[PDB]
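Below is work_10.cif, which holds mmCIF, C-alpha atoms.
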data_work
loop_
_atom_site.label_atom_id
_atom_site.label_comp_id
_atom_site.auth_asym_id
_atom_site.auth_seq_id
_atom_site.Cartn_x
_atom_site.Cartn_y
_atom_site.Cartn_z
CA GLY A 1 288.26 139.07 302.13
CA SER A 2 289.78 142.54 302.41
CA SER A 3 288.31 144.48 305.33
CA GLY A 4 290.43 147.54 306.06
CA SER A 5 288.04 149.74 308.03
CA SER A 6 290.25 151.50 310.56
CA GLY A 7 292.07 154.76 311.27
CA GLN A 8 291.96 157.85 313.47
CA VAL A 9 288.84 160.02 313.61
CA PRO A 10 287.15 160.64 310.24
CA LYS A 11 288.10 163.82 308.38
CA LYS A 12 285.50 166.16 306.89
CA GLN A 13 286.74 165.42 303.37
CA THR A 14 286.95 161.75 302.42
CA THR A 15 289.71 160.23 300.30
CA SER A 16 288.50 160.75 296.73
CA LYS A 17 290.65 158.45 294.59
CA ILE A 18 289.29 156.05 291.97
CA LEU A 19 291.78 153.29 291.18
CA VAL A 20 290.66 151.18 288.22
CA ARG A 21 292.32 147.76 288.14
CA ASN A 22 292.15 144.77 285.80
CA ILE A 23 292.52 147.03 282.77
CA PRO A 24 292.88 145.46 279.30
CA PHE A 25 296.10 145.84 277.31
CA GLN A 26 293.92 147.65 274.76
CA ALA A 27 292.91 150.37 277.21
CA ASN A 28 294.95 153.58 277.14
CA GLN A 29 295.23 156.85 279.06
CA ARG A 30 292.75 158.64 276.80
CA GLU A 31 290.49 155.59 277.04
CA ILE A 32 290.08 155.91 280.81
CA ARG A 33 290.35 159.71 280.83
CA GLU A 34 287.10 160.13 278.89
CA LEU A 35 285.58 156.88 280.16
CA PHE A 36 285.36 158.69 283.50
CA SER A 37 285.42 162.32 282.35
CA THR A 38 282.04 161.74 280.71
CA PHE A 39 280.70 161.48 284.25
CA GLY A 40 282.46 164.63 285.42
CA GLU A 41 285.62 166.73 285.47
CA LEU A 42 288.70 164.66 286.31
CA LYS A 43 291.55 166.17 288.33
CA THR A 44 294.18 164.06 286.55
CA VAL A 45 294.23 160.69 284.78
CA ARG A 46 297.42 158.72 285.43
CA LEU A 47 298.21 155.57 283.45
CA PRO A 48 301.22 153.24 283.10
CA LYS A 49 303.30 153.70 279.95
CA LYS A 50 305.47 151.02 278.34
CA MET A 51 309.05 151.39 279.57
CA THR A 52 312.34 149.82 278.48
CA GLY A 53 311.67 146.34 279.84
CA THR A 54 309.16 143.51 280.17
CA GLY A 55 305.52 144.56 280.24
CA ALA A 56 304.15 147.65 278.51
CA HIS A 57 300.89 148.75 280.12
CA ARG A 58 299.97 147.08 283.40
CA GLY A 59 296.40 146.53 284.56
CA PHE A 60 295.98 149.51 286.87
CA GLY A 61 294.93 153.14 286.49
CA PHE A 62 294.50 156.14 288.76
CA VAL A 63 291.58 158.53 288.29
CA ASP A 64 291.06 161.69 290.33
CA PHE A 65 287.86 163.76 290.37
CA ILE A 66 287.28 167.44 291.12
CA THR A 67 284.86 166.75 293.97
CA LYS A 68 283.93 163.77 296.14
CA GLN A 69 280.43 163.66 294.65
CA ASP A 70 281.55 163.30 291.03
CA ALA A 71 283.88 160.59 292.33
CA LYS A 72 281.08 158.81 294.19
CA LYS A 73 278.58 158.89 291.33
CA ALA A 74 281.27 157.84 288.86
CA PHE A 75 282.96 155.22 291.05
CA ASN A 76 279.62 153.45 291.49
CA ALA A 77 278.32 154.30 288.02
CA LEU A 78 281.13 152.08 286.72
CA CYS A 79 282.01 149.86 289.68
CA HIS A 80 278.56 148.28 289.35
CA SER A 81 279.51 146.69 286.03
CA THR A 82 282.10 147.94 283.54
CA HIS A 83 283.12 145.83 280.55
CA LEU A 84 286.00 147.02 278.36
CA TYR A 85 287.42 144.95 275.50
CA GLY A 86 285.67 141.91 276.94
CA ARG A 87 287.06 142.49 280.43
CA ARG A 88 285.26 143.33 283.67
CA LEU A 89 287.13 146.29 285.15
CA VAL A 90 287.47 146.44 288.94
CA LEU A 91 286.91 149.84 290.55
CA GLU A 92 288.35 150.27 294.04
CA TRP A 93 289.21 153.18 296.33
CA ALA A 94 292.99 153.47 296.50
CA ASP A 95 294.13 152.64 300.03
CA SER A 96 296.07 155.42 301.74
CA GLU A 97 298.60 155.16 304.57
CA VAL A 98 297.92 156.76 307.96
CA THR A 99 300.57 159.41 308.63
CA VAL A 100 300.52 161.56 311.76
CA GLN A 101 302.07 165.01 311.38
CA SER A 102 304.14 166.68 314.10
CA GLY A 103 304.20 170.42 313.43
CA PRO A 104 300.91 172.35 313.28
CA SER A 105 299.49 174.18 310.26
CA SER A 106 300.55 177.82 310.53
CA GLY A 107 298.07 179.40 308.13
#

Could I get this structure in the form of structure tokens?
Amino acid sequence: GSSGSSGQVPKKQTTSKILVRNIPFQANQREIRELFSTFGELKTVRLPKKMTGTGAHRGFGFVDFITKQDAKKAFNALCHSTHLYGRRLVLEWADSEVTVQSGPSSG
């Protein structure tokens, strides 16, 4: 039960960030990159890389789209049901933190 529907007035542009979790140890950057790219142009595909220490590639990936639409169609296109290497991936919209700025936007 995770209901986080709150925050100041809604902004014209909605947070377009597809965070794929529960990723198999077999999945790699390129794997996800295309996996989503096929649906549309991806801003940037970020994935965890094995680093000196325990655990190589965690089960979480960040996927950014060019436009909200492509992100919506893709997010759902997969979210519905995505099986990779015998694993049901979990697509969720990365939760952002509410930060109120002080100075205006000159320009």

Fill in the blank from the handout: Judged by all atoms listed in the file, the minimum distance to residue 84 (chain A) among A:21, A:50, A:57, A:12 is found for A:21

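Between CA of residue 64 (chain A) and CA of residue 88 (chain A) the separation is 20.4 Å.
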
Practice task
Do a neighbour search on residue 44 (chain A) at 10 Å with all atoms listed in the file, toss out local chain neighbours closer than 3 positions, and write the hits as number ranges by chain.
Solution key: A: 33, 37, 41, 47, 62-66

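Between residue 6 (chain A) and the candidates A:45, A:71, A:98, A:90, the tightest atom-to-atom separation, counting all atoms listed in the file, involves A:98.
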
Completion exercise
One decimal place gives the CA of residue 97 (chain A)-CA of residue 10 (chain A) separation as 13.9 Å

So which residues get picked by the PyMOL selection byres ((chain A and resi 23) around 7) here, written as a compact mmCIF listing (two decimals) with C-alpha atoms, in the coordinates of the input?
# COMPACT_ATOMS: atom_id res chain seq x y z
CA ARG A 21 292.32 147.76 288.14
CA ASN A 22 292.15 144.77 285.80
CA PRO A 24 292.88 145.46 279.30
CA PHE A 25 296.10 145.84 277.31
CA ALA A 27 292.91 150.37 277.21
CA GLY A 59 296.40 146.53 284.56
CA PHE A 60 295.98 149.51 286.87
CA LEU A 89 287.13 146.29 285.15

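Here CA of residue 39 (chain A) stands at a distance of 5.9 Å from CA of residue 74 (chain A).
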
Practice task
Determine the residue membership of the PyMOL selection byres ((chain A and resi 92) around 6) for the file above and supply it as an NGL selection string.
Solution key: :A and (19 or 91 or 93)

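Nearest residue to residue 78 (chain A), choosing from A:3, A:102, A:20, A:28 and counting all atoms listed in the file: A:20.
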
Practice task
Identify which of the residues A:61, A:16, A:4, A:55 lies closest to residue 30 (chain A), counting only C-alpha atoms when measuring atom-to-atom distances.
Solution key: A:61

Handout entry: Distance criterion (all atoms listed in the file): nearest to residue 48 (chain A) out of A:94, A:32, A:83, A:77
Key = A:32

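Of the residues under consideration (A:5, A:38, A:95, A:51), A:95 shows the shortest atom-to-atom contact distance to residue 18 (chain A) when counting all atoms listed in the file.
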
Centre and size of axis-aligned box enclosing region 50-67 of chain A plus 8 Å each side, as JSON:
{"center_x": 298.6, "center_y": 155.5, "center_z": 286.2, "size_x": 43.5, "size_y": 39.9, "size_z": 31.6}
